[PDB]
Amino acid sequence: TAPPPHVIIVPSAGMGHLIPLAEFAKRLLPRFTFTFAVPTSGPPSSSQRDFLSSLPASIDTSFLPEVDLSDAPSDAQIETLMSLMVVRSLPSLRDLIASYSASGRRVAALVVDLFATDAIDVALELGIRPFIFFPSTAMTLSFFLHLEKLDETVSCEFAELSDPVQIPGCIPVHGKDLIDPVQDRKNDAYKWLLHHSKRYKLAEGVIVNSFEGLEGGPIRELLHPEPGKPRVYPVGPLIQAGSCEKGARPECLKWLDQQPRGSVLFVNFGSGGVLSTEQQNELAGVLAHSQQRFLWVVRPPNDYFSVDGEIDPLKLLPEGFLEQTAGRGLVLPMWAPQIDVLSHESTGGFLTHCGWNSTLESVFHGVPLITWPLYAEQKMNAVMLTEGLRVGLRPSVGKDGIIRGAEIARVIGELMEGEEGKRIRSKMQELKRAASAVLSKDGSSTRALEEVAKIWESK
């Protein structure tokens, strides 16, 4: 029995990033031990502590001493605050790695999230193999690697372009659908994104949470060796599992058991996927007059109370909405067991914000999508899902930023009924089979994990 090498993980801010990073680590146990070296700007939340403490013993956590970000503009985007958090935590990261190295442990790799490339300098100075973990699409990774060239060939704001932007190996995308932090090139968020994208070549490999069956074009382009381009390791789809391992007995799953097969539309924009009052009313009015069964996770709009103290969103729904939907739809406040809903046989569609974790969970369970992108790279994901793979439908937004009921109803109807919705469903089942094929004991993604593991163990 050999001593397990140690691996340090530097995540970018967000539970959405801890989830796929923990799944990645869990699939390399017990060959290594891990430490989540978590930059902080304040007391770690109870959600972070609870999630990280629930992991296997071989994955430890160190919350780095909090840094001060009050000097940043109050309008600073999240990419800027995330980059500032890492840079200012590097001394603490050095002290953490020193505690392990001083005890005799071999530190075999430093895994940094997509906006934590400034920690790569520490790894290079200490003879530690730097790797980047990319929790988004291969399409978005290609955009990152191409951003330098795009920045030097385009002077105007991207949303002003008439022709769609062409990324090597990707479907074209109009500038207005490019990731949020490139929509204002004067903002620090764009400069930070440019900064990180030029540093991906400093890593010995990029680990991307996707697979070739889902993004053939981008993956095959990325795998093609080129000078100045890092090696890429598709290891997706890395997602959490259902609750059938503890002991369809949750309340909302009992309702799904009664409904017909593949007949329910699941609505969930995820935490932070808040709608305006006007936008939520448009969605509620369509569901109220529809004959479509739905399961809707509702959150208080950004513009009385419940048992714990949070505002009760289902009392903010329009007049007698719960009367018009009593037997056909089910409303849930704040949270729902998403993976258990997507795995349920009664679930036929998923209205999602196109966060990549949620998309991968839907693909793995063969549930076609209504793509309602909100922020980050979600609009790029929507284009790839709907115009590329054709496994979902996208409602068009109006000039005032509101998606009207006529569009919500159009895509719902076309997806759950209509012939195009059947083709979409058929295509999504093909991706479902392809997803479980790359994660098998001898799967394409399981092999990529092996390559990474052996590299970490080499020398």
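One rule holds for the numbers: they count along the sequence shown, beginning at 1.
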In this entry, is the chain continuous from residue 247 to residue 248, or are deposited residues missing in between (none, 1 to 3, 4 to 9, 10 or more)? 1 to 3
Between residue 303 and residue 304, determine how many residues of the deposited chain lack coordinates; answer none if the chain runs continuously, otherwise 1 to 3, 4 to 9, or 10 or more. 4 to 9
Per the entry, where is the mean C-alpha temperature factor higher: 226-234 or 249-257? 249-257
Please compare 394-402 with 65-73 and name the stretch with the higher mean C-alpha B-factor in the deposited structure. 65-73
Member of 205, 309, 127, 91 with the greatest C-alpha B factor (per the PDB record): 309
Looking at 364, 372, 356, 335, which has the biggest Cα B factor in the entry? 335
Split the chain's modelled residues into thirds by Cα B-factor; residue 162 lands in the highest
Chain-relative CA temperature factor third for residue 420: highest
Would you mind checking where the Cα B-factor of residue 437 ranks among the modelled residues of its chain, as the lowest, middle or highest third? highest
Using the B-factor values recorded in the entry, state whether the Cα atom of residue 191 falls in the lowest, middle or highest third among the modelled residues of its chain. middle
According to the PDB entry, is the CA B factor of residue 443 in the bottom, middle or top third of its chain, that is, lowest, middle or highest? highest
